[PDB]
Amino acid sequence: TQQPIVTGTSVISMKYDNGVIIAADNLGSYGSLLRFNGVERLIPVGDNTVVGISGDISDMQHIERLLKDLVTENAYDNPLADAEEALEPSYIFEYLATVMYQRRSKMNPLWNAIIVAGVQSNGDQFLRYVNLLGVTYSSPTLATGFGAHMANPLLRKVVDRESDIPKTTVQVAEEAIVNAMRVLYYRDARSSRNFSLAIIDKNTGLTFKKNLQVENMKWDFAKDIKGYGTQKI
Amino acid sequence: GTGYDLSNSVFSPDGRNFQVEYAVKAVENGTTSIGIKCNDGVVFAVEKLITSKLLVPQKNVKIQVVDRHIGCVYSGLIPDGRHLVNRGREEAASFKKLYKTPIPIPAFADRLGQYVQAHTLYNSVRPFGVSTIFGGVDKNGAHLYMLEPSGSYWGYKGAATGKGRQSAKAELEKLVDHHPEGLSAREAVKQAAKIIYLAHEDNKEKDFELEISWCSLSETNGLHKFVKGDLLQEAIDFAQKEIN
């Protein structure tokens, strides 16, 4: 049993007609001190999977190391490591899921909330969640922490049920995701303006975008607001 | 007296360890394999005897990768080779886990060296029935190595072991003389394809399948990779041509 120290906030994601999108800002908080600013919380595994991690950063780095090994190991005595026997998103997930639950079962959790985003070899989209309790679930949209409260409501307005997926495009989806990131920057006190976004499309493959920024921010109305009730000036 | 060759860690009157020597026999009795150090990497090649048409071609892969930058090939008791590679893999994983940086080839060699040497210390174990040629690229250069059942090993310019090791060593020495400046990755691959073909005469009776792999700073980015398709066929011909 432990307690998180350096932490990463929300990880949001959804699936559209051709793939999945996932994003996470680049902040590593230390309590209310916005300490680190170049933290990449999106871990690509191969070219069909991206693992988004929130929670304890030291634990995330550990999980990051476990993933590099998965790759190295899957390569051993595997002539089809980059073909039929390459790591599938489902394999990577089932693995992390296994670990997360074994660890909570030993009363020594990996203090994270994880979302595995990817496209299976048969083109199927993959999006599942697993946290420190070893709890797992899928849904057209998935977000951790704050994103669960603020991002999901927005993203679900785009893909409310399974059937809405084939009707959603990378443009519509990426747009939703980016607006969500702006909202989170507005109301989450543990968020950064800078973030990374990744797309895993069954055609264009994996597109990883770094150093994005929340733009188009409404603040002007703040000038017309003075006092907290009766104050006029 | 006698019997000095029945137990593994026993010194015979002349200071030898016969069991280790008998292991070397199993090695010589095996397929021929080689390694060629080039100007920025290394190439590994091996002879795969085709016992029959029933063996699926291109399948029973012999060369093995350790970590992501090391190649290993061996002649002798195959299962013993795998065992040693497994150990090397654990050996390499542990090193990277503590030091972060992938294991330097020299460091890796001593890991395999110490492990193999260890199996000549007790009579409760048998020495490894294989000689291994391995190497790769690291923080500073490419390195080629060969490890004997005794646990002995050195850095090589070129190395060979197995049935037709003599042919090979001869061919390798020629290259060493005729290229004091250093062969290239591309070149070594062909050269290797040839030397295996030549050395295959000491086994000309059975048909075989050639296998090559390389690790070049410029050709593979310092990552061990198998020579497949075109590059492979191109080298298979370069040999078939110079074998006549």
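FYI the Cβ positions are ideal-geometry reconstructions off the backbone, even for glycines, and counts take in every protein chain you see. Just so it is clear, none of the values below were taken in a lab; they were calculated from the coordinates.
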Inset, instruction - Could you tell me which of the residues A:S29, A:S54 is small (G, A, S), on the phi < 0 side of the Ramachandran plot and either within 14 Å of chain B (Cβ to nearest Cβ) or out of contact with any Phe, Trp or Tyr (no Cβ under 9 Å at 6 or more places or on another chain) (or both)? - result: A:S54
Legend entry - Any chance B:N60 is under 19 Å from the mean Cα position of the chain (by Cα) and more than 16 Å from B:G129 (Cβ to Cβ): yes
Inset, instruction - Report yes if some residue within region B:4-18 is touching a helix residue (DSSP H, G or I) at 6+ places or on another chain (Cβ under 7 Å) and within 14 Å of chain A (Cβ to nearest Cβ); otherwise report no. - result: no
Legend entry - Segments classed as strands (runs of 3 or more DSSP E), wholly inside region B:128-244, with at least 1 members that are of a type in the set (S, T, N, Q) and surrounded by fewer than 22 Cβ atoms within 10 Å (Cβ to Cβ): none
Legend entry - Residue list for region A:199-233, filter: among the aliphatic types (A, V, I, L, M), assigned to a loop (DSSP other than H, G, I, E, B) and surrounded by 10 or more Cβ atoms within 10 Å (Cβ to Cβ): A:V214, A:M217
Legend entry - Residues being assigned to a strand (DSSP E or B) and touching a residue at least 12 places away in the same chain (Cβ under 8 Å) - total across region A:98-146: 19
Inset, instruction - With respect to A:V172, determine if the residue is hydrophobic (A, V, I, L, M, F, W, C), closer than 17 Å to A:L27 by Cα and assigned to a helix (DSSP H, G or I). - result: no
Inset, instruction - Being free of Cβ contacts under 8 Å to residues at least 40 places away in the same chain and among the hydrophobic types (A, V, I, L, M, F, W, C) is the filter here, so list the residues in region B:88-122 that pass it. - result: B:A92, B:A93, B:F95, B:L98, B:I103, B:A107, B:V116, B:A118
Inset, instruction - Could you run through region A:15-38 and say how many residues are of a type in the set (D, E) and assigned to a loop (DSSP other than H, G, I, E, B)? - result: 1
Inset, instruction - Filter region A:82-96 down to residues that are in contact with a strand residue (DSSP E or B) (Cβ under 8 Å, 6 or more places away or on another chain) and within 14 Å of chain B (Cβ to nearest Cβ), then give me how many there are. - result: 0
Legend entry - Conditions (1) closer than 22 Å to B:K225 by Cβ; (2) over 17 Å from the mean Cα position of the chain (by Cα); (3) within 14 Å of chain A (Cβ to nearest Cβ); number of the one not met by B:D138: (3)
Inset, instruction - Please tell me if A:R65 is more than 15 Å from A:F126 (Cβ to Cβ), of a type in the set (K, R) and touching a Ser or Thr at 6+ places or on another chain (Cβ under 8 Å). - result: no
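For (1) crowded, with 21+ Cβ neighbours inside 10 Å; (2) more than 19 Å from the chain's Cα centre (by Cα); (3) in contact (Cβ under 8 Å) with a residue 24 or more places away in the chain; (4) not in a loop (DSSP other than H, G, I, E, B), each residue gets a yes or a no:
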{"site": "A:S13", "(1), (2), (3), (4)": "yes, no, yes, yes"}
{"site": "A:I53", "(1), (2), (3), (4)": "yes, no, yes, yes"}
{"site": "A:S58", "(1), (2), (3), (4)": "no, no, yes, yes"}
{"site": "A:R65", "(1), (2), (3), (4)": "no, no, no, yes"}
{"site": "A:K68", "(1), (2), (3), (4)": "no, no, no, yes"}
Inset, instruction - Please state which of the following conditions B:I70 fails to meet, knowing it meets all the rest: (1) in contact with a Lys or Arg (Cβ under 9 Å, 6 or more places away or on another chain); (2) more than 22 Å from B:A199 (Cα to Cα). - result: (1)
Legend entry - Count of region B:38-69 residues which are part of a strand (DSSP E or B), away from every other protein chain (no Cβ under 11 Å) and buried (at least 18 other Cβ atoms within 10 Å of the Cβ): 8
Inset, instruction - Out of B:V10, B:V46, B:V85, B:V66, report the one residue that is out of contact with any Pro (no Cβ under 9 Å at 6 or more places or on another chain), free of Cβ contacts under 8 Å to residues at least 24 places away in the same chain and aliphatic (A, V, I, L, M). - result: B:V85
Inset, instruction - Please identify the pairs in which a residue from region A:25-50 that is free of Cβ contacts under 8 Å to residues at least 24 places away in the same chain has its Cβ atom under 7 Å from the Cβ atom of a residue that is in a loop (DSSP other than H, G, I, E, B) and surrounded by 14 or more Cβ atoms within 10 Å (Cβ to Cβ), counting only partners at least 6 apart or on another chain. - result: A:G38/A:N26
Inset, instruction - Identify, from the list B:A199, B:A185, the residue that is within 19 Å of B:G71 (Cα to Cα) and small (G, A, S). - result: B:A185
Legend entry - Selected residue [over 16 Å from A:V11 (Cα atoms), of a type in the set (S, T, N, Q) and not in a strand (DSSP E or B)] from A:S192, A:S163: A:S163
Legend entry - Among (1) closer than 17 Å to B:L223 by Cα; (2) out of contact with any strand residue (DSSP E or B) (no Cβ under 6 Å at 6 or more places or on another chain); (3) more than 14 Å from chain A (Cβ to nearest Cβ) - the single one B:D110 does not satisfy: (1)
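Each row is one residue, and each column tells you yes or no for (1) away from every other protein chain (no Cβ under 14 Å); (2) under 16 Å from the mean Cα position of the chain (by Cα); (3) buried (at least 22 other Cβ atoms within 10 Å of the Cβ); (4) within 16 Å of A:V135 (Cα to Cα).
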| residue | (1), (2), (3), (4) |
| --- | --- |
| A:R41 | yes, yes, yes, no |
| A:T49 | yes, yes, yes, no |
| A:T72 | no, no, no, no |
| A:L80 | no, no, no, no |
| A:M107 | yes, no, no, yes |
| A:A113 | yes, yes, yes, yes |
| A:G118 | yes, yes, yes, no |
